Structure formats: structure tokens, C-alpha cells
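Protein chains in written order, with the entry's author numbering: chain n, 269 to 321; chain F, 258 to 308; chain N, 258 to 308.
The beta carbon of each residue, even a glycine, is placed where N, CA and C say it ideally should be.
Contents: one structure, followed by commentary.
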Amino acid sequence: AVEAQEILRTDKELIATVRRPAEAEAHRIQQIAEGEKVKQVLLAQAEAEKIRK
Amino acid sequence: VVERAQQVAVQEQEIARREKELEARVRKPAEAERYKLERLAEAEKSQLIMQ
Amino acid sequence: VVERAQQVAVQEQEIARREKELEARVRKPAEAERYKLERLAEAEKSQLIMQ
């Protein structure tokens, strides 16, 4: 029974330790990727119209 | 057995604590950085087009 | 003879103790690592596609 309670505790600990940080990291990566994509698109548009003019 | 059967409740509260703390320290800074990058890129485009 | 005939019961409890402990220290960490790899790979794909 000691080890069964330890199983439950380590399940919850692994959740709080790696499962949620993984989701937070995924959200951070996708947010930063969105920012970088918008920045690159705007810079490319600026360069293209520079070349056109 | 009692010790471990209550440490499981400690971790049950810890999971939500990590939820909140990780959100505050990761998701909101990421949103703020994305907005900062958006605005600075818009300013750079506005400057480059008219230069 | 009595000593050994009770050490066999000691090991009879030890087999289930090893069951539980090995599950906790191997199977659950493996599941957590698989989920972490899944989510990080999904994030990397989401970033690479739009870059």
C-alpha cells in the first residue's frame, strides 16, 4: 500500500513536472513563431515595394 | 501509508499551482513578446517603405 | 527450514512490491516522456510549417 500511494503521488508529480511545462512550451513556441512569421512577411513586403519603387 | 496518501493531495494542489504559475511565467510573456515584435516590425515596415 | 519457509513469504510480498515500485519508477515516467516528446514535436512542426 505504501508503494501504491507512491504510484499515485509520482503520477501526479510527473504530470505537474513535465506534462504541463510541455504544453506551456508548445504555446510559447507557436506564439513566437507567429510573431516571427508576421515580422518576416512585413519585412519582405517592405523590401519588395522598395525594389518596385 | 498516511504520509504518502496525503502527499498525493499535496501534489493534487501542486498541479494547479503549476498550472497558474507556468501560465503567468510563460504564456503571458510570450503574448507580450509577440505583440512587441508585431509592433516593431510594423514600425520597421512603415519606415522602410517611405525611405 | 522455518527461516527459509518464511523467507519465501517475504519474497512473495517482495514480488508485488517490485511490481508497484517498478511501475511507478518506469512506466509512468515513460508515458510522461512520450507525452512530452509528442507535444514538443507538434510545436516544432507548427513552427516549421509557418516559418
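Residues of chain F with a CB under 8 angstroms from the CB of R288 (chain n): which are they? Within the first sequence, numbered from 1, the residue matching residue 288 (chain n) stands at position 20. Under the 8 angstroms cutoff, chain F gives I272, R275, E276, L279.
Spatial distance of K285 (chain N) from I297 (chain n) (CA atoms): For the purposes of this step, residue 285 (chain N) is identified with residue 28 of the third sequence, where counting begins at 1. For the purposes of this step, residue 297 (chain n) is identified with residue 29 of the first sequence, where counting begins at 1. Approximately 26 angstroms between the Cα atoms of the pair.
According to the Cβ coordinates, are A298 (chain F) and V306 (chain n) closer than 8 angstroms? If you number the second sequence from 1, residue 298 (chain F) lands on position 41. If you number the first sequence from 1, residue 306 (chain n) lands on position 38. Contact: yes.
Could you give the distance in angstroms between the alpha-carbon of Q263 (chain F) and the alpha-carbon of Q273 (chain n)? Residue 263 (chain F) sits at position 6 when you count from the first residue of the second sequence. Residue 273 (chain n) sits at position 5 when you count from the first residue of the first sequence. Those two C-alpha atoms are separated by around 9 angstroms.
Through-space distance from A316 (chain n) to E304 (chain n), alpha-carbon basis: Counting from one through the first sequence, the residue named residue 304 (chain n) turns up at place 36. Counting from one through the first sequence, the residue named residue 316 (chain n) turns up at place 48. The straight-line gap from Cα to Cα measures roughly 18 angstroms.
Is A292 (chain n) buried or exposed, if buried means 16 or more other CB atoms sit within 10 Å of its CB? Along the first sequence, one-based indexing puts residue 292 (chain n) at 24. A292 (chain n) is buried by the Cβ-count criterion.
Element boundaries [alpha helix (DSSP H), containing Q313 (chain n)]: In the first sequence, residue 313 (chain n) corresponds to position 45, counting from 1. Taken as a continuous stretch (DSSP letters only), the alpha helix (DSSP H) holding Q313 (chain n) covers 288 to 320.
Which residues, in order along the region 288 to 302 of chain F, keep a beta-carbon less than 9 angstroms from a beta-carbon of chain n? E288, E290, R291, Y292, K293, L294, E295, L297, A298, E299, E301, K302
C-alpha distance - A301 (chain n) paired with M307 (chain N), whole-angstrom precision: Against the first sequence, residue 301 (chain n) aligns to sequence position 33. Against the third sequence, residue 307 (chain N) aligns to sequence position 50. If you take the alpha carbons of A301 (chain n) and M307 (chain N), they lie about 7 angstroms apart.
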